[PDB]
8 protein chains.
Amino acid sequence: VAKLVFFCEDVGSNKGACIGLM
Amino acid sequence: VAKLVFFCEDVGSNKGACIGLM
Amino acid sequence: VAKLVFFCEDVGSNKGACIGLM
Amino acid sequence: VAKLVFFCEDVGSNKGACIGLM
Amino acid sequence: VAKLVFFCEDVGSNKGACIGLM
Amino acid sequence: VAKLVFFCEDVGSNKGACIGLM
Amino acid sequence: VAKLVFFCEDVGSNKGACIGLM
Amino acid sequence: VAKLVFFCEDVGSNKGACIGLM
């Protein structure tokens, strides 16, 4: 985003994970 | 969250809109 | 824009990074 | 996001549409 | 304002705080 | 942070650029 | 900003202080 | 702020005047 920033989910407990994107 | 972390939700078409949290 | 609105740009991998602006 | 908040694109060469999100 | 433009307000002590407007 | 909070960086000329984040 | 929102930065060599602004 | 972004004063001496900052 430059630094690396996590993008995390919270979709009905489908996921609570994240991914690094610049 | 400290550091910036993006939290995403469904918007349709398997796309995510993500806001930042500290 | 007043009121807060999120303005997003694609960071890849189906995710959009959005910040609040007025 | 609660309250209805608008999300818009300024990605680049694809002008800005928006949608409301909670 | 489209484009990002910062609007600033003096908080004294040689500094002003500025928010984004579209 | 929830609630919007402005996070500000110095950008010179005794001005802080401030972004909303949760 | 109306309504009271906190504005924060990172003071000194490192500690985060905020103030209320409208 | 990258690109040049205008920082405009809201009240006081130089209201309506802006400077470019990064």
# chains A, B, ... in the order shown; residues from 1 in each chain; ligands from 1
>>> residues_around(residues="segment 11-16 of chain G", least_positions_apart="6", cutoff="12 Å", atoms="only C-alpha atoms", output="number ranges by chain")
B: 2; F: 7-10
>>> calpha_fit_rmsd(fixed="chain F", moving="chain G")
1.7 Å
>>> interface_residues(of="chain F", to="chain B", cutoff="10 Å", atoms="only C-alpha atoms", output="number ranges by chain")
F: 1-5, 7, 20-22
>>> select_by_dssp(residues="chain C", states="strand (DSSP E)", output="JSON, numbers by chain")
{"C": [5, 6, 7, 8, 9, 10, 15, 16, 17, 18, 19, 20, 21]}
